[PDB]
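Encoded as structure tokens, the structure appears first; notes follow it.
Positions are given from 1, in the same order as the sequence printed here. Indexing begins at 1, ligand by ligand and atom by atom, following the structure's order. These numbers come from the heavy atoms of this one structure, side chains and all, not from hydrogens, waters or symmetry mates.
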Amino acid sequence: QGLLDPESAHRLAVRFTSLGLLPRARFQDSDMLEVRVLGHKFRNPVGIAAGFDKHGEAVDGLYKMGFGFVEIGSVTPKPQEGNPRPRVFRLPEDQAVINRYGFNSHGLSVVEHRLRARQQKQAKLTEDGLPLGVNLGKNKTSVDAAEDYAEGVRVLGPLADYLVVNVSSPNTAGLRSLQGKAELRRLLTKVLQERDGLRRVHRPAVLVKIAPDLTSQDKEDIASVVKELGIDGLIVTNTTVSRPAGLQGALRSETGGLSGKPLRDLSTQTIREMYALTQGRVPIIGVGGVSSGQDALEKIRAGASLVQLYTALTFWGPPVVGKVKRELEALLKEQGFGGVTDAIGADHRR
Ligand SMILES: Cc1cc2nc3c(=O)[nH]c(=O)nc-3n(C[C@H](O)[C@H](O)[C@H](O)COP(=O)(O)O)c2cc1C
Ligand SMILES: CCc1oc(=O)c(Cc2c(O)c(CC=C(C)C)c(O)c(C(C)=O)c2O)c(O)c1C
Ligand SMILES: O=C(O)c1cc(=O)[nH]c(=O)[nH]1
């Protein structure tokens with residue numbers, strides 16, 4: 001996969017994963033790694049971040065890889081092609097990636113039928129501690145962003161353990177302004193009303209996924225709206241449009257969202273701030289630059305109940321999943337935690 005262009009390599013990775021051609025992971029999850037949050041049991045706290053399986057093609061292969069939960073998407077209401085290629089760039093010297101896909105999506109109807117073909121299989125997986133998240137986006141030309149998200153709630157909500165209102169892609173014009181207070185309250189009120197209108201066994205948790213580039217005011221406002229409306233959780237963070245000092249990759253000045261190691265601590269600090277602003281009462285899924293057990297535990301101690309990764313998988317391969325989990329269990333023991341749950345937010349209680 002490293003030898004092809006990055007997008008072609010990704011498509012080959014998705015196809016290979018979907019076929020199950022990867023040997024089943026050998027790491028057996030210990031009880032120490034179980035987390036109960038968002039109304040569900042998670043066998044382990046390490047998920048695949050949105051973007052790897054944009055269209056829901058490889059869910060079962062990803063569980064076989066050892067992920068404790070899978071998030072697909074972002075999915076847009078209508079199919080759309082995204083930006084012209086190339087739109088994904090490797091920064092090997094930084095263990096980073098820059099992408100500007102622009103919400104390439106098979107669309108709600110195609111993804112709906114894909115998930116329906118395995119809906120009862122997923123119900124059993126969820127009951128066994130392996131939940132499914134669905135990340136919702138908006139079409140490029142849509143005139144009414146809230147209605148795009150409402151359509152996603154109605155169509156894929158009934159197939160999801162949790163939904164993500166992705167208002168933080170750097171690659172759709174105007175999207176991140178949906179993170180402002182008034183716009184976000186109106187958008188999330190509509191999303192939650194649509195969610196509440198689904199039948200009980202088809203009613204997912206709703207989370208908001210936020211950028212790492214927010215001002216202090218932006219974060220205060222998001223925290224306020226999340227508590228006012230009863231939003232079920234936050235995903236922290238998407239990719240960054242910043243370019244931290246010190247990037248070495250030749251492609252560092254490509255337009256797009258930066259992921260991987262240069263994002264890691266910006267993400268951890270955003271988790272830390274959002275946990276404090278919500279008094280530790282709002283579950284956080286922490287994501288950005290996780291490639292080791294230490295990376296995972298730092299985000300958990302900062303306030304994350306669960307973590308996700310994507311970019312590290314494309315540098316270290318499938319073994320990184322078991323590596324993170326084994327290192328995490330060892331660090332929890334070394335630091336005197338009974339399990340993941342005991343470590344959530346621990347830095348704030350020092
Ligand atoms: C190529 C690529 C595509 C992505 N697509 C999406 C997406 O469609 N929706 C979304 O919410 N996040 C998307 N992300 C963001 C990731 O879910 C994650 O938030 C971010 O990459 C940081 O995690 P990482 O450093 O482990 O990759 C994408 C990231 C990458 C690298
Ligand atoms: C869009 C971001 C992006 O997404 C990808 O999916 C890949 C492919 C890829 C990979 O998925 C895995 C993980 C292997 C699986 C079978 C799932 C890899 O181990 C590698 C390598 C070199 O080891 C790999 O290149 C990318 O290169 C990039 C830049
Ligand atoms: O371009 C996309 O589709 C995309 C990239 C990214 O980093 N984040 C996101 O939410 N969408």
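- Close N/O approach between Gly102 and ligand 3 is found [any backbone or side-chain N/O within under 3.5 Å].
- The aromatic rings of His10 and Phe52 stand perpendicular to each other, their planes meeting at an angle above 60°, with 30° marking the opposite boundary.
- Judged purely by distance below 3.5 Å, without hydrogens or angles, the side chains of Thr239 and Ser259 never pair a donor atom with an acceptor atom.
- Within ligand 2, the atoms closer than 4.0 Å to a non-hydrogen atom of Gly2 are 22 (C), 25 (O), numbered from 1 in the order shown.
- At a threshold of 4.5 Å between non-hydrogen side-chain atoms, the residues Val340 and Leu328 count as touching.
- Ligand 2 is approached by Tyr310 to a heavy-atom distance shorter than 4.0 Å.
- Of the possible polar contacts, one joining the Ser177 side chain to the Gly174 backbone as a donor-acceptor pair under 3.5 Å is found.
- Under the 3.5 Å distance criterion, the side-chain polar atoms of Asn44 are matched with a main-chain donor or acceptor of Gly66.
- Looking at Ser74 next to ligand 3, no N or O pair under 3.5 Å apart turns up.
- Defined by atom type and a distance below 3.5 Å, a donor-acceptor pair is missing between the side-chain atoms of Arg264 and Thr311.
- Given atom 5 (C) of ligand 3, the protein heavy atom at minimum distance is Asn99 OD1, 2.8 Å.
- Using a non-hydrogen distance threshold of 4.0 Å, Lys54 registers as a contact of ligand 3.
- The distance criterion of under 3.5 Å between nitrogen or oxygen atoms is met by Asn171 with respect to ligand 3.
- For the residue pair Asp221/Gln217, the side-chain donor-acceptor check at 3.5 Å is satisfied.
- The N/O atoms of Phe103, backbone and side chain alike, include one that comes under 3.5 Å of an N/O atom in ligand 3.
- If you check the side chains of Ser216 and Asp218, you find no donor sitting under 3.5 Å from an acceptor.
- Close approach to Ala9 involves these atoms of ligand 2, each under 4.0 Å from a residue heavy atom: 8 (C).
- From the protein, the heavy atom lying nearest to atom 9 (C) of ligand 3 is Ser169 CB, 3.4 Å.
- Against a heavy-atom cut-off of under 4.0 Å, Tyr101 is close to the following atoms of ligand 3: 1 (O), 2 (C), 3 (O).
- Looking only at heavy atoms of the protein, atom 17 (C) of ligand 2 is closest to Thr17 OG1, 3.4 Å.
- Close approach of ligand 3 to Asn238 (heavy-atom distance below 4.0 Å) involves ligand atoms 6 (C), 7 (O), 8 (N), 9 (C), 10 (O).
- For the pair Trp316 and ligand 2, the shortest N or O to N or O distance does not fall below 3.5 Å.
- Taking distance alone, with nitrogen or oxygen atoms compared against 3.5 Å, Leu313 approaches ligand 2 more closely than that limit.
- Using a 3.5 Å distance cut-off with no hydrogens or angles, the side chains of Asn135 and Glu71 do pair a donor with an acceptor.
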Would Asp94 and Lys261 count as a salt bridge (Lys or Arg N to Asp or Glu O under 4.0 Å) if you check the C-alpha gap in whole Å, the side-chain angles of each, and the deciding distance to 0.1 Å? CA-CA 7 Å; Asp94 310 300; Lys261 209 209 267 327; over 6 Å; no
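- When each atom of ligand 2 is checked for a heavy atom of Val88 under 4.0 Å away, the hits are 1 (C), 2 (C).
- Within 6.0 Å of CD in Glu220 there are more than 12 heavy atoms belonging to other residues, nucleotides or ligands.
- Taking the six-membered ring for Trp and thresholds of 30 and 60 degrees, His55 and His106 have nearly parallel ring planes, at less than 30 degrees apart.
- Looking at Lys209 against ligand 3, nothing comes within 4.0 Å, counting heavy atoms.
- Nearest protein heavy-atom neighbour of atom 14 (C) of ligand 2: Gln1 NE2, 3.4 Å.
- With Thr278 contributing its side chain and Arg281 its backbone, the two residues share no donor-acceptor pair below 3.5 Å.
- Taking 4.0 Å as the cut-off, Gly51 does not count as a neighbour of ligand 3 on heavy-atom distance.
- Under 4.0 Å from ligand 3, the heavy atoms of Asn166 that appear belong solely to its side chain.
- Atom CD of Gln294 is separated from atom NZ of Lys299 by 10.5 Å, given to the nearest 0.5 angstrom.
- Enclosure of atom NZ in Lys227 by more than 12 non-hydrogen atoms of other residues, nucleotides or ligands within 6.0 angstrom is indicated.
- Under the 4.5 Å side-chain heavy-atom criterion for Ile, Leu, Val, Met, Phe, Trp and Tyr, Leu258 and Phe103 are members of distinct hydrophobic clusters.
- Ranked by closest heavy atom to atom 7 (O) of ligand 3, the top entry among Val167, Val97, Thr239, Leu175 is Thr239.
- Near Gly317, meaning under 4.0 Å from any of its heavy atoms, are these atoms of ligand 2: 19 (O).
- Scanning the protein heavy atoms around atom 6 (O) of ligand 2, the nearest turns out to be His10 ND1, 2.8 Å.
- For the atom pair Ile284 CD1 and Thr237 OG1, the distance stands at 11.5 Å (nearest 0.5 Å).
- Heavy atoms of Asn99 stay at 4.0 angstrom or farther from ligand 2.
- Among protein residues, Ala49, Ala50, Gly51, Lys54, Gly73, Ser74, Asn99, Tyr101, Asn135, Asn166, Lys209, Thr237, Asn238, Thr239, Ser259, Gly260, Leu263, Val287, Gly288, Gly289, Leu309, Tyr310, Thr311 come within 4.0 Å of ligand 1, judged on heavy atoms.
- Residues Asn171 and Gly257 share a closest heavy-atom pair of ND2-N, 4.0 Å.
- Under 4.0 Å from ligand 2, heavy atoms of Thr314 appear from its side chain as well as its backbone.
- Enclosure of atom CD in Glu81 is not indicated, since only 12 or fewer non-hydrogen atoms of other residues, nucleotides or ligands lie within 6.0 angstrom.
- At least one N/O-N/O distance between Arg90 and ligand 2 falls below 3.5 Å.
- Every N/O-N/O distance between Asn104 and ligand 3 stays at or above 3.5 Å.
- For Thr126 against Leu132, the heavy-atom pair with the smallest separation is OG1-N, 4.3 Å.
- Comparing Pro6, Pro319, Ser8, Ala13 against atom 11 (O) of ligand 2, the shortest heavy-atom distance belongs to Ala13.
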